[PDB]
Amino acid sequence: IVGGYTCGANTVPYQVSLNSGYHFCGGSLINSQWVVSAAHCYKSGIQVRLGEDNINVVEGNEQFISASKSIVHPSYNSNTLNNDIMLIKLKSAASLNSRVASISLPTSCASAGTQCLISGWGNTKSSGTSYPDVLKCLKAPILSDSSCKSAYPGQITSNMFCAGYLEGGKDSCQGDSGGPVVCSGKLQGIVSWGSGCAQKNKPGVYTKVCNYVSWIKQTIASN
Ligand SMILES: CP(=O)(O)c1ccc(C(=N)N)cc1
Ligand SMILES: [Ca+2]
């Protein structure tokens with residue numbers, strides 16, 4: 001997260017860190033046994049870490065659980081990043097309390113103009129590199145599909161939306177990938193891609209979760 005603020009420990013309870021020896025992507029807890037992330041975050045050997053603030057210190061509220069299975073969307077295209085969404089089932093259910101909570105799936109798509117909360121442990125600079133130890137947050141609006149398509153000609157599909165500031169300076173970044181975009185208490189997006197981070201006229205591109213609700217529910221109902 002470039003240009004954001006320190007969230008505060010456990011103030012984003014559905015935020016997860018995907019660890020394979022080190023933090024490599026974010027994700028969101030959608031029920032006690034399932035996590036949603038970006039398909040471009042896929043790897044074998046994922047350990048899911050819940051209840052994290054400082055990912056380098058054990059502070060007392062963590063639950064580290066291994067994944068028993070991961071399911072990349074059937075239509076994921078790694079060249080275009082269309083359908084950049086994956087499901088990860090945990091080996092055992094997480095214990096839910098006020099600091100580890102699921103985030104509700106959307107019942108409708110959110111509109112341009114809606115303000116959302118984006119969070120993650122990714123890079124905090126647009127030029128160099130500086131990864132934070134504690135969770136960063138950014139409030140940003142969903143942009144209109146026209147400006148989104150204007151910023152990225154021939155690249156935005158109906159499964160994507162832009163959120164951010166055209167002026168630059170505030171955006172998600174590398175390391176935030178797979179993380180949540182929550183608007184009015186519902187998971188609306190997944191940190192997916194963008195050109196560089198926080199550049200002028202290159203807002204962040206997010207997977208449009210409302211389009212995948214049926215696929216998520218039935219996949220979890222059969223696995
Ligand atoms: C494909 P990725 O995971 O490296 C990524 C994700 C988000 C951005 C951004 N918001 N500018 C840039 C790159
Ligand atoms: Ca920790």
# chains A, B, ... in the order shown; residues from 1 in each chain; ligands from 1
call {"tool": "residues_near_ligand", "arguments": {"ligand": "ligand 1", "cutoff": "7 Å", "atoms": "only C-alpha atoms and all ligand atoms", "output": "PyMOL selection string"}}
result
chain A and resi 171-177+191-198+203-205
call {"tool": "residues_around", "arguments": {"residues": "range 42-54 of chain A", "least_positions_apart": "3", "cutoff": "9 Å", "atoms": "only C-alpha atoms", "output": "PDB file with N, CA, C and O atoms, in the first residue's frame"}}
result
ATOM      1  N   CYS A   7      -3.166   0.482   9.688  1.00  0.00           N
ATOM      2  CA  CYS A   7      -4.537   0.139  10.085  1.00  0.00           C
ATOM      3  C   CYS A   7      -4.838   0.130  11.587  1.00  0.00           C
ATOM      4  O   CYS A   7      -5.850   0.618  12.042  1.00  0.00           O
ATOM      5  N   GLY A   8      -3.940  -0.504  12.327  1.00  0.00           N
ATOM      6  CA  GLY A   8      -4.066  -0.680  13.768  1.00  0.00           C
ATOM      7  C   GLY A   8      -4.205  -2.193  13.923  1.00  0.00           C
ATOM      8  O   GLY A   8      -4.883  -2.851  13.104  1.00  0.00           O
ATOM      9  N   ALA A   9      -3.567  -2.783  14.928  1.00  0.00           N
ATOM     10  CA  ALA A   9      -3.665  -4.230  15.074  1.00  0.00           C
ATOM     11  C   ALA A   9      -5.087  -4.834  15.188  1.00  0.00           C
ATOM     12  O   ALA A   9      -5.932  -4.455  16.020  1.00  0.00           O
ATOM     13  N   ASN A  10      -5.309  -5.804  14.296  1.00  0.00           N
ATOM     14  CA  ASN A  10      -6.532  -6.577  14.175  1.00  0.00           C
ATOM     15  C   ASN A  10      -7.761  -5.755  13.888  1.00  0.00           C
ATOM     16  O   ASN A  10      -8.890  -6.202  14.221  1.00  0.00           O
ATOM     17  N   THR A  11      -7.576  -4.582  13.238  1.00  0.00           N
ATOM     18  CA  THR A  11      -8.776  -3.782  12.896  1.00  0.00           C
ATOM     19  C   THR A  11      -9.382  -4.225  11.577  1.00  0.00           C
ATOM     20  O   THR A  11     -10.462  -3.786  11.221  1.00  0.00           O
ATOM     21  N   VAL A  12      -8.679  -5.094  10.814  1.00  0.00           N
ATOM     22  CA  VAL A  12      -9.150  -5.665   9.503  1.00  0.00           C
ATOM     23  C   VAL A  12      -9.100  -7.194   9.776  1.00  0.00           C
ATOM     24  O   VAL A  12      -8.251  -7.909   9.229  1.00  0.00           O
ATOM     25  N   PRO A  13     -10.082  -7.714  10.531  1.00  0.00           N
ATOM     26  CA  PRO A  13     -10.090  -9.129  10.919  1.00  0.00           C
ATOM     27  C   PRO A  13     -10.156 -10.226   9.893  1.00  0.00           C
ATOM     28  O   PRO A  13      -9.846 -11.381  10.245  1.00  0.00           O
ATOM     29  N   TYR A  14     -10.579  -9.904   8.664  1.00  0.00           N
ATOM     30  CA  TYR A  14     -10.715 -10.887   7.603  1.00  0.00           C
ATOM     31  C   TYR A  14      -9.460 -10.904   6.738  1.00  0.00           C
ATOM     32  O   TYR A  14      -9.368 -11.691   5.799  1.00  0.00           O
ATOM     33  N   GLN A  15      -8.491 -10.075   7.055  1.00  0.00           N
ATOM     34  CA  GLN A  15      -7.285 -10.028   6.257  1.00  0.00           C
ATOM     35  C   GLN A  15      -6.367 -11.201   6.583  1.00  0.00           C
ATOM     36  O   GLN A  15      -6.067 -11.468   7.766  1.00  0.00           O
ATOM     37  N   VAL A  16      -5.897 -11.904   5.562  1.00  0.00           N
ATOM     38  CA  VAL A  16      -4.947 -13.012   5.821  1.00  0.00           C
ATOM     39  C   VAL A  16      -3.649 -12.810   5.083  1.00  0.00           C
ATOM     40  O   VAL A  16      -3.620 -12.061   4.091  1.00  0.00           O
ATOM     41  N   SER A  17      -2.584 -13.461   5.549  1.00  0.00           N
ATOM     42  CA  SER A  17      -1.300 -13.409   4.843  1.00  0.00           C
ATOM     43  C   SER A  17      -1.106 -14.843   4.329  1.00  0.00           C
ATOM     44  O   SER A  17      -1.376 -15.797   5.090  1.00  0.00           O
ATOM     45  N   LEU A  18      -0.687 -15.020   3.072  1.00  0.00           N
ATOM     46  CA  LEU A  18      -0.423 -16.325   2.493  1.00  0.00           C
ATOM     47  C   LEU A  18       1.107 -16.413   2.663  1.00  0.00           C
ATOM     48  O   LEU A  18       1.824 -15.533   2.184  1.00  0.00           O
ATOM     49  N   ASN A  19       1.560 -17.456   3.372  1.00  0.00           N
ATOM     50  CA  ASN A  19       2.955 -17.657   3.690  1.00  0.00           C
ATOM     51  C   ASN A  19       3.514 -18.955   3.068  1.00  0.00           C
ATOM     52  O   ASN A  19       2.919 -20.029   3.134  1.00  0.00           O
ATOM     53  N   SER A  20       4.663 -18.849   2.426  1.00  0.00           N
ATOM     54  CA  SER A  20       5.275 -20.046   1.951  1.00  0.00           C
ATOM     55  C   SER A  20       6.709 -19.949   2.452  1.00  0.00           C
ATOM     56  O   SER A  20       7.640 -20.207   1.691  1.00  0.00           O
ATOM     57  N   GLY A  21       6.903 -19.604   3.722  1.00  0.00           N
ATOM     58  CA  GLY A  21       8.266 -19.406   4.219  1.00  0.00           C
ATOM     59  C   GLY A  21       8.527 -17.921   4.449  1.00  0.00           C
ATOM     60  O   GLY A  21       9.466 -17.467   5.162  1.00  0.00           O
ATOM     61  N   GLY A  27      -5.114 -12.186   1.284  1.00  0.00           N
ATOM     62  CA  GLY A  27      -6.274 -12.977   1.004  1.00  0.00           C
ATOM     63  C   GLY A  27      -7.312 -12.543   1.999  1.00  0.00           C
ATOM     64  O   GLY A  27      -7.008 -11.769   2.896  1.00  0.00           O
ATOM     65  N   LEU A  29     -10.728 -13.882   4.513  1.00  0.00           N
ATOM     66  CA  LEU A  29     -11.427 -15.010   5.114  1.00  0.00           C
ATOM     67  C   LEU A  29     -12.897 -14.879   4.826  1.00  0.00           C
ATOM     68  O   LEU A  29     -13.468 -13.896   5.235  1.00  0.00           O
ATOM     69  N   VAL A  35     -10.642 -19.285   2.184  1.00  0.00           N
ATOM     70  CA  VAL A  35     -10.004 -18.031   1.920  1.00  0.00           C
ATOM     71  C   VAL A  35     -10.107 -17.729   0.430  1.00  0.00           C
ATOM     72  O   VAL A  35     -10.013 -18.669  -0.394  1.00  0.00           O
ATOM     73  N   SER A  37      -8.386 -15.463  -2.737  1.00  0.00           N
ATOM     74  CA  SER A  37      -7.197 -14.642  -3.045  1.00  0.00           C
ATOM     75  C   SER A  37      -7.191 -14.458  -4.602  1.00  0.00           C
ATOM     76  O   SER A  37      -8.199 -14.731  -5.270  1.00  0.00           O
ATOM     77  N   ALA A  38      -6.051 -14.082  -5.161  1.00  0.00           N
ATOM     78  CA  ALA A  38      -5.893 -13.872  -6.590  1.00  0.00           C
ATOM     79  C   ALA A  38      -5.307 -15.166  -7.134  1.00  0.00           C
ATOM     80  O   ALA A  38      -4.509 -15.773  -6.490  1.00  0.00           O
ATOM     81  N   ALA A  39      -5.796 -15.626  -8.274  1.00  0.00           N
ATOM     82  CA  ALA A  39      -5.239 -16.803  -8.906  1.00  0.00           C
ATOM     83  C   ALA A  39      -3.740 -16.568  -9.220  1.00  0.00           C
ATOM     84  O   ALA A  39      -2.987 -17.519  -9.216  1.00  0.00           O
ATOM     85  N   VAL A  57       6.570 -10.732  13.992  1.00  0.00           N
ATOM     86  CA  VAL A  57       6.592 -10.927  15.438  1.00  0.00           C
ATOM     87  C   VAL A  57       5.327 -11.716  15.873  1.00  0.00           C
ATOM     88  O   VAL A  57       4.279 -11.498  15.343  1.00  0.00           O
ATOM     89  N   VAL A  58       5.407 -12.650  16.840  1.00  0.00           N
ATOM     90  CA  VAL A  58       4.216 -13.392  17.286  1.00  0.00           C
ATOM     91  C   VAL A  58       3.748 -12.495  18.396  1.00  0.00           C
ATOM     92  O   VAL A  58       4.474 -12.245  19.397  1.00  0.00           O
ATOM     93  N   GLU A  59       2.538 -11.978  18.196  1.00  0.00           N
ATOM     94  CA  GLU A  59       1.959 -11.047  19.119  1.00  0.00           C
ATOM     95  C   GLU A  59       0.870 -11.634  19.961  1.00  0.00           C
ATOM     96  O   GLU A  59       0.450 -10.998  20.908  1.00  0.00           O
ATOM     97  N   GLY A  60       0.372 -12.812  19.607  1.00  0.00           N
ATOM     98  CA  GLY A  60      -0.610 -13.398  20.461  1.00  0.00           C
ATOM     99  C   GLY A  60      -1.987 -13.632  19.890  1.00  0.00           C
ATOM    100  O   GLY A  60      -2.838 -14.187  20.589  1.00  0.00           O
ATOM    101  N   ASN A  61      -2.274 -13.206  18.683  1.00  0.00           N
ATOM    102  CA  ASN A  61      -3.609 -13.458  18.170  1.00  0.00           C
ATOM    103  C   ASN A  61      -3.647 -14.240  16.890  1.00  0.00           C
ATOM    104  O   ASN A  61      -4.686 -14.373  16.281  1.00  0.00           O
ATOM    105  N   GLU A  62      -2.498 -14.765  16.500  1.00  0.00           N
ATOM    106  CA  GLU A  62      -2.353 -15.542  15.244  1.00  0.00           C
ATOM    107  C   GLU A  62      -2.936 -16.983  15.279  1.00  0.00           C
ATOM    108  O   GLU A  62      -3.008 -17.626  16.350  1.00  0.00           O
ATOM    109  N   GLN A  63      -3.357 -17.453  14.103  1.00  0.00           N
ATOM    110  CA  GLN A  63      -3.777 -18.843  13.860  1.00  0.00           C
ATOM    111  C   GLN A  63      -3.081 -19.170  12.549  1.00  0.00           C
ATOM    112  O   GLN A  63      -3.315 -18.498  11.552  1.00  0.00           O
ATOM    113  N   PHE A  64      -2.188 -20.142  12.529  1.00  0.00           N
ATOM    114  CA  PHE A  64      -1.483 -20.485  11.313  1.00  0.00           C
ATOM    115  C   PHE A  64      -2.084 -21.815  10.938  1.00  0.00           C
ATOM    116  O   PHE A  64      -2.014 -22.778  11.733  1.00  0.00           O
ATOM    117  N   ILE A  65      -2.659 -21.908   9.758  1.00  0.00           N
ATOM    118  CA  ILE A  65      -3.336 -23.122   9.323  1.00  0.00           C
ATOM    119  C   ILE A  65      -2.910 -23.456   7.905  1.00  0.00           C
ATOM    120  O   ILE A  65      -2.875 -22.598   7.051  1.00  0.00           O
ATOM    121  N   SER A  66      -2.584 -24.706   7.627  1.00  0.00           N
ATOM    122  CA  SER A  66      -2.185 -25.073   6.271  1.00  0.00           C
ATOM    123  C   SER A  66      -3.360 -25.242   5.331  1.00  0.00           C
ATOM    124  O   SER A  66      -4.455 -25.558   5.726  1.00  0.00           O
ATOM    125  N   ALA A  67      -3.142 -25.011   4.061  1.00  0.00           N
ATOM    126  CA  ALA A  67      -4.226 -25.215   3.135  1.00  0.00           C
ATOM    127  C   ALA A  67      -4.326 -26.712   2.780  1.00  0.00           C
ATOM    128  O   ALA A  67      -3.292 -27.365   2.639  1.00  0.00           O
ATOM    129  N   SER A  68      -5.534 -27.249   2.640  1.00  0.00           N
ATOM    130  CA  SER A  68      -5.687 -28.622   2.236  1.00  0.00           C
ATOM    131  C   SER A  68      -5.957 -28.653   0.783  1.00  0.00           C
ATOM    132  O   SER A  68      -5.760 -29.674   0.154  1.00  0.00           O
ATOM    133  N   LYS A  69      -6.444 -27.548   0.218  1.00  0.00           N
ATOM    134  CA  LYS A  69      -6.667 -27.521  -1.232  1.00  0.00           C
ATOM    135  C   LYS A  69      -6.844 -26.133  -1.810  1.00  0.00           C
ATOM    136  O   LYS A  69      -7.305 -25.213  -1.139  1.00  0.00           O
ATOM    137  N   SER A  70      -6.398 -25.946  -3.032  1.00  0.00           N
ATOM    138  CA  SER A  70      -6.640 -24.633  -3.605  1.00  0.00           C
ATOM    139  C   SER A  70      -7.301 -24.819  -4.967  1.00  0.00           C
ATOM    140  O   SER A  70      -7.053 -25.814  -5.697  1.00  0.00           O
ATOM    141  N   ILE A  71      -8.193 -23.906  -5.308  1.00  0.00           N
ATOM    142  CA  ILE A  71      -8.919 -24.027  -6.551  1.00  0.00           C
ATOM    143  C   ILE A  71      -8.808 -22.715  -7.316  1.00  0.00           C
ATOM    144  O   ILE A  71      -9.342 -21.678  -6.907  1.00  0.00           O
ATOM    145  N   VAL A  72      -8.092 -22.767  -8.435  1.00  0.00           N
ATOM    146  CA  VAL A  72      -7.945 -21.570  -9.273  1.00  0.00           C
ATOM    147  C   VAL A  72      -9.234 -21.548 -10.150  1.00  0.00           C
ATOM    148  O   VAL A  72      -9.739 -22.605 -10.530  1.00  0.00           O
ATOM    149  N   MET A  86      -8.956 -17.125  -6.838  1.00  0.00           N
ATOM    150  CA  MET A  86      -8.709 -18.491  -6.392  1.00  0.00           C
ATOM    151  C   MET A  86      -9.299 -18.693  -5.003  1.00  0.00           C
ATOM    152  O   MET A  86      -9.382 -17.754  -4.225  1.00  0.00           O
ATOM    153  N   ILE A  88      -9.011 -21.122  -1.451  1.00  0.00           N
ATOM    154  CA  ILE A  88      -8.094 -21.938  -0.663  1.00  0.00           C
ATOM    155  C   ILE A  88      -8.887 -22.485   0.525  1.00  0.00           C
ATOM    156  O   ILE A  88      -9.440 -21.718   1.297  1.00  0.00           O
ATOM    157  N   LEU A  90      -8.881 -24.399   4.068  1.00  0.00           N
ATOM    158  CA  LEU A  90      -7.973 -24.642   5.206  1.00  0.00           C
ATOM    159  C   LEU A  90      -8.071 -26.110   5.728  1.00  0.00           C
ATOM    160  O   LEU A  90      -9.129 -26.737   5.656  1.00  0.00           O
ATOM    161  N   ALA A  94     -10.828 -22.250  11.265  1.00  0.00           N
ATOM    162  CA  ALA A  94     -10.259 -21.195  12.080  1.00  0.00           C
ATOM    163  C   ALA A  94     -11.241 -20.958  13.220  1.00  0.00           C
ATOM    164  O   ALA A  94     -12.446 -21.198  13.077  1.00  0.00           O
ATOM    165  N   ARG A  99     -11.197 -10.548  16.587  1.00  0.00           N
ATOM    166  CA  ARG A  99      -9.997 -10.233  15.820  1.00  0.00           C
ATOM    167  C   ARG A  99      -9.780 -11.141  14.643  1.00  0.00           C
ATOM    168  O   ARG A  99      -8.854 -10.872  13.841  1.00  0.00           O
ATOM    169  N   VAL A 100     -10.528 -12.251  14.541  1.00  0.00           N
ATOM    170  CA  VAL A 100     -10.440 -13.140  13.351  1.00  0.00           C
ATOM    171  C   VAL A 100     -11.920 -13.384  13.064  1.00  0.00           C
ATOM    172  O   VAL A 100     -12.610 -14.046  13.837  1.00  0.00           O
ATOM    173  N   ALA A 101     -12.375 -12.806  11.932  1.00  0.00           N
ATOM    174  CA  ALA A 101     -13.778 -12.763  11.436  1.00  0.00           C
ATOM    175  C   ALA A 101     -13.898 -12.924   9.933  1.00  0.00           C
ATOM    176  O   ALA A 101     -12.997 -12.547   9.186  1.00  0.00           O
ATOM    177  N   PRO A 132       6.517  -3.045   4.690  1.00  0.00           N
ATOM    178  CA  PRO A 132       6.182  -2.811   6.112  1.00  0.00           C
ATOM    179  C   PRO A 132       6.026  -4.123   6.882  1.00  0.00           C
ATOM    180  O   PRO A 132       5.725  -5.178   6.296  1.00  0.00           O
ATOM    181  N   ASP A 133       6.181  -4.064   8.183  1.00  0.00           N
ATOM    182  CA  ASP A 133       5.970  -5.256   8.945  1.00  0.00           C
ATOM    183  C   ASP A 133       4.508  -5.334   9.404  1.00  0.00           C
ATOM    184  O   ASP A 133       4.015  -6.443   9.615  1.00  0.00           O
ATOM    185  N   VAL A 134       3.842  -4.191   9.581  1.00  0.00           N
ATOM    186  CA  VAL A 134       2.484  -4.149  10.086  1.00  0.00           C
ATOM    187  C   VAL A 134       1.504  -3.780   8.930  1.00  0.00           C
ATOM    188  O   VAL A 134       1.914  -3.192   7.885  1.00  0.00           O
ATOM    189  N   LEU A 135       0.219  -4.122   9.122  1.00  0.00           N
ATOM    190  CA  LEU A 135      -0.766  -3.970   8.065  1.00  0.00           C
ATOM    191  C   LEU A 135      -1.065  -2.504   7.738  1.00  0.00           C
ATOM    192  O   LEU A 135      -1.332  -1.685   8.649  1.00  0.00           O
TER     193      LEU A 135
END
call {"tool": "closest_residue", "arguments": {"among": "A:168, A:74, A:154, A:3", "to": "residue 136 in chain A", "atoms": "only C-alpha atoms"}}
result
A:3
call {"tool": "residues_around", "arguments": {"residues": "residue 143 in chain A", "least_positions_apart": "4", "cutoff": "9 Å", "atoms": "only C-alpha atoms", "output": "ChimeraX atom specification"}}
result
/A:111-114,147-148,161-166,203
call {"tool": "select_by_dssp", "arguments": {"residues": "range 47-180 of chain A", "states": "helix (DSSP H, G or I)", "output": "JSON list (two decimals) with N, CA, C and O atoms, in the first residue's frame"}}
result
[["chain", "number", "residue", "atom", "x", "y", "z"],
["A", 145, "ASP", "N", -16.26, 2.92, -15.16],
["A", 145, "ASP", "CA", -15.70, 1.97, -16.11],
["A", 145, "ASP", "C", -15.04, 2.64, -17.29],
["A", 145, "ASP", "O", -14.06, 2.14, -17.83],
["A", 146, "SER", "N", -15.51, 3.86, -17.60],
["A", 146, "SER", "CA", -14.94, 4.65, -18.70],
["A", 146, "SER", "C", -13.56, 5.16, -18.37],
["A", 146, "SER", "O", -12.67, 5.07, -19.20],
["A", 147, "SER", "N", -13.37, 5.70, -17.19],
["A", 147, "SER", "CA", -12.07, 6.15, -16.91],
["A", 147, "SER", "C", -11.13, 5.01, -16.75],
["A", 147, "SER", "O", -9.93, 5.15, -16.98],
["A", 148, "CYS", "N", -11.69, 3.88, -16.33],
["A", 148, "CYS", "CA", -10.88, 2.70, -16.13],
["A", 148, "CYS", "C", -10.39, 2.23, -17.52],
["A", 148, "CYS", "O", -9.18, 1.91, -17.74],
["A", 149, "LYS", "N", -11.36, 2.14, -18.44],
["A", 149, "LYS", "CA", -11.04, 1.72, -19.80],
["A", 149, "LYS", "C", -10.15, 2.74, -20.51],
["A", 149, "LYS", "O", -9.32, 2.36, -21.35],
["A", 150, "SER", "N", -10.30, 4.02, -20.16],
["A", 150, "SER", "CA", -9.46, 5.11, -20.67],
["A", 150, "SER", "C", -8.02, 4.97, -20.16],
["A", 150, "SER", "O", -7.03, 5.31, -20.86],
["A", 151, "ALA", "N", -7.88, 4.57, -18.91],
["A", 151, "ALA", "CA", -6.51, 4.40, -18.38],
["A", 151, "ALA", "C", -5.78, 3.18, -18.97],
["A", 151, "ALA", "O", -4.58, 3.22, -19.15]]
call {"tool": "closest_residue", "arguments": {"among": "A:87, A:186, A:96, A:178", "to": "residue 218 in chain A", "atoms": "only C-alpha atoms"}}
result
A:87
call {"tool": "residues_around", "arguments": {"residues": "residue 180 in chain A", "least_positions_apart": "5", "cutoff": "7 Å", "atoms": "only C-alpha atoms", "output": "list in words"}}
result
residues 27, 28, 118, 119, 187, 189, 190 and 191 of chain A
call {"tool": "closest_atom_pairs", "arguments": {"of": "range 25-130 of chain A", "to": "range 209-214 of chain A", "cutoff": "8 Å", "atoms": "only C-alpha atoms", "output": "CSV"}}
result
residue,atom,partner,partner_atom,distance
A:105,CA,A:213,CA,7.0
A:106,CA,A:210,CA,5.8
A:107,CA,A:210,CA,7.2
A:108,CA,A:210,CA,6.3
A:109,CA,A:210,CA,5.3
call {"tool": "write_last_selection", "arguments": {"atoms": "N, CA and C atoms", "output": "PDB file, in the first residue's frame"}}
result
ATOM      1  N   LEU A 105     -19.799 -11.955   1.478  1.00  0.00           N
ATOM      2  CA  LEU A 105     -19.756 -11.909   0.006  1.00  0.00           C
ATOM      3  C   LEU A 105     -20.851 -10.897  -0.433  1.00  0.00           C
ATOM      4  N   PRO A 106     -20.623 -10.205  -1.516  1.00  0.00           N
ATOM      5  CA  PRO A 106     -21.634  -9.238  -1.952  1.00  0.00           C
ATOM      6  C   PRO A 106     -22.938  -9.819  -2.480  1.00  0.00           C
ATOM      7  N   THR A 107     -24.048  -9.101  -2.275  1.00  0.00           N
ATOM      8  CA  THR A 107     -25.349  -9.532  -2.836  1.00  0.00           C
ATOM      9  C   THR A 107     -25.571  -8.672  -4.164  1.00  0.00           C
ATOM     10  N   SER A 108     -24.817  -7.577  -4.340  1.00  0.00           N
ATOM     11  CA  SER A 108     -24.960  -6.776  -5.550  1.00  0.00           C
ATOM     12  C   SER A 108     -23.610  -6.176  -5.864  1.00  0.00           C
ATOM     13  N   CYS A 109     -23.425  -5.713  -7.092  1.00  0.00           N
ATOM     14  CA  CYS A 109     -22.172  -5.080  -7.464  1.00  0.00           C
ATOM     15  C   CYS A 109     -22.161  -3.686  -6.951  1.00  0.00           C
TER      16      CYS A 109
END
call {"tool": "select_by_dssp", "arguments": {"residues": "range 57-212 of chain A", "states": "strand (DSSP E or B)", "output": "mmCIF file with C-alpha atoms, in the first residue's frame"}}
result
data_model
loop_
_atom_site.group_PDB
_atom_site.id
_atom_site.type_symbol
_atom_site.label_atom_id
_atom_site.label_comp_id
_atom_site.auth_asym_id
_atom_site.auth_seq_id
_atom_site.Cartn_x
_atom_site.Cartn_y
_atom_site.Cartn_z
ATOM 1 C CA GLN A 63 -3.777 -18.843 13.860
ATOM 2 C CA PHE A 64 -1.483 -20.485 11.313
ATOM 3 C CA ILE A 65 -3.336 -23.122 9.323
ATOM 4 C CA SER A 66 -2.185 -25.073 6.271
ATOM 5 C CA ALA A 67 -4.226 -25.215 3.135
ATOM 6 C CA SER A 68 -5.687 -28.622 2.236
ATOM 7 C CA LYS A 69 -6.667 -27.521 -1.232
ATOM 8 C CA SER A 70 -6.640 -24.633 -3.605
ATOM 9 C CA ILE A 71 -8.919 -24.027 -6.551
ATOM 10 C CA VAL A 72 -7.945 -21.570 -9.273
ATOM 11 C CA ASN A 77 -6.000 -16.424 -18.032
ATOM 12 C CA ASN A 82 -8.990 -12.164 -16.602
ATOM 13 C CA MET A 86 -8.709 -18.491 -6.392
ATOM 14 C CA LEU A 87 -10.252 -20.390 -3.426
ATOM 15 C CA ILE A 88 -8.094 -21.938 -0.663
ATOM 16 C CA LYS A 89 -9.663 -24.468 1.772
ATOM 17 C CA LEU A 90 -7.973 -24.642 5.206
ATOM 18 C CA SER A 104 -19.478 -11.186 3.829
ATOM 19 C CA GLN A 115 -15.557 4.402 -1.060
ATOM 20 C CA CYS A 116 -13.758 1.127 -0.116
ATOM 21 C CA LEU A 117 -10.976 -0.056 2.226
ATOM 22 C CA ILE A 118 -7.944 -1.752 0.612
ATOM 23 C CA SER A 119 -5.333 -3.389 2.914
ATOM 24 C CA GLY A 120 -2.089 -5.355 2.743
ATOM 25 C CA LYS A 136 -1.329 -0.868 5.895
ATOM 26 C CA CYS A 137 -4.800 0.497 4.866
ATOM 27 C CA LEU A 138 -6.036 2.825 2.107
ATOM 28 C CA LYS A 139 -9.523 4.266 1.587
ATOM 29 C CA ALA A 140 -10.194 4.764 -2.183
ATOM 30 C CA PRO A 141 -13.199 5.123 -4.422
ATOM 31 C CA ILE A 142 -14.284 2.769 -7.163
ATOM 32 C CA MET A 160 -12.400 -6.019 -13.539
ATOM 33 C CA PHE A 161 -12.828 -2.572 -11.974
ATOM 34 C CA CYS A 162 -10.446 0.273 -11.180
ATOM 35 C CA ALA A 163 -10.249 1.932 -7.800
ATOM 36 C CA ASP A 171 -2.583 2.703 -4.616
ATOM 37 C CA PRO A 180 -9.266 -7.393 0.010
ATOM 38 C CA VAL A 181 -11.205 -4.371 -1.316
ATOM 39 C CA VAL A 182 -14.255 -4.112 1.090
ATOM 40 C CA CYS A 183 -17.028 -1.584 0.460
ATOM 41 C CA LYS A 186 -18.896 -6.685 1.727
ATOM 42 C CA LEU A 187 -15.923 -8.067 -0.162
ATOM 43 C CA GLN A 188 -16.151 -6.290 -3.631
ATOM 44 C CA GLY A 189 -12.666 -6.756 -5.058
ATOM 45 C CA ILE A 190 -9.325 -8.577 -4.976
ATOM 46 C CA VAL A 191 -6.050 -6.775 -5.455
ATOM 47 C CA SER A 192 -5.062 -7.895 -8.952
ATOM 48 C CA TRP A 193 -2.881 -5.683 -11.147
ATOM 49 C CA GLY A 204 -5.166 -0.169 -9.427
ATOM 50 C CA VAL A 205 -7.157 -2.911 -11.211
ATOM 51 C CA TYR A 206 -9.224 -5.292 -9.089
ATOM 52 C CA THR A 207 -11.049 -8.567 -9.618
ATOM 53 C CA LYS A 208 -14.810 -7.954 -9.581
#
call {"tool": "closest_residue", "arguments": {"among": "A:153, A:103, A:32, A:121", "to": "ligand 2", "atoms": "only C-alpha atoms and all ligand atoms"}}
result
A:121
call {"tool": "closest_residue", "arguments": {"among": "A:157, A:95, A:102, A:129", "to": "residue 83 in chain A", "atoms": "only C-alpha atoms"}}
result
A:157
call {"tool": "atom_distance", "arguments": {"atom1": "CA of residue 126 in chain A", "atom2": "CA of residue 6 in chain A"}}
result
17.5 Å
call {"tool": "atom_distance", "arguments": {"atom1": "CA of residue 80 in chain A", "atom2": "CA of residue 155 in chain A"}}
result
7.4 Å
call {"tool": "residues_around", "arguments": {"residues": "residue 124 in chain A", "least_positions_apart": "6", "cutoff": "7 Å", "atoms": "only C-alpha atoms", "output": "count of residues only"}}
result
4
call {"tool": "atom_distance", "arguments": {"atom1": "CA of residue 156 in chain A", "atom2": "CA of residue 84 in chain A"}}
result
12.3 Å
call {"tool": "closest_residue", "arguments": {"among": "A:23, A:123, A:169, A:78", "to": "ligand 2", "atoms": "only C-alpha atoms and all ligand atoms"}}
result
A:23
call {"tool": "decode", "arguments": {"residues": "range 217-221 of chain A", "atoms": "N, CA, C and O atoms", "output": "CSV table (one decimal), in the first residue's frame"}}
result
chain,number,residue,atom,x,y,z
A,217,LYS,N,-20.0,-19.9,-4.1
A,217,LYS,CA,-20.8,-20.7,-3.2
A,217,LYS,C,-20.9,-22.1,-3.6
A,217,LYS,O,-21.0,-23.0,-2.8
A,218,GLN,N,-21.0,-22.4,-4.9
A,218,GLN,CA,-21.2,-23.8,-5.2
A,218,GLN,C,-19.9,-24.5,-5.1
A,218,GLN,O,-20.0,-25.8,-4.8
A,219,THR,N,-18.8,-23.9,-5.2
A,219,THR,CA,-17.5,-24.6,-5.1
A,219,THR,C,-17.4,-24.9,-3.6
A,219,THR,O,-17.0,-26.1,-3.2
A,220,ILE,N,-17.7,-24.0,-2.7
A,220,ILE,CA,-17.5,-24.3,-1.3
A,220,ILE,C,-18.6,-25.4,-0.9
A,220,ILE,O,-18.3,-26.2,0.0
A,221,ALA,N,-19.7,-25.4,-1.5
A,221,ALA,CA,-20.8,-26.3,-1.1
A,221,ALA,C,-20.5,-27.8,-1.5
A,221,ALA,O,-21.2,-28.7,-1.1
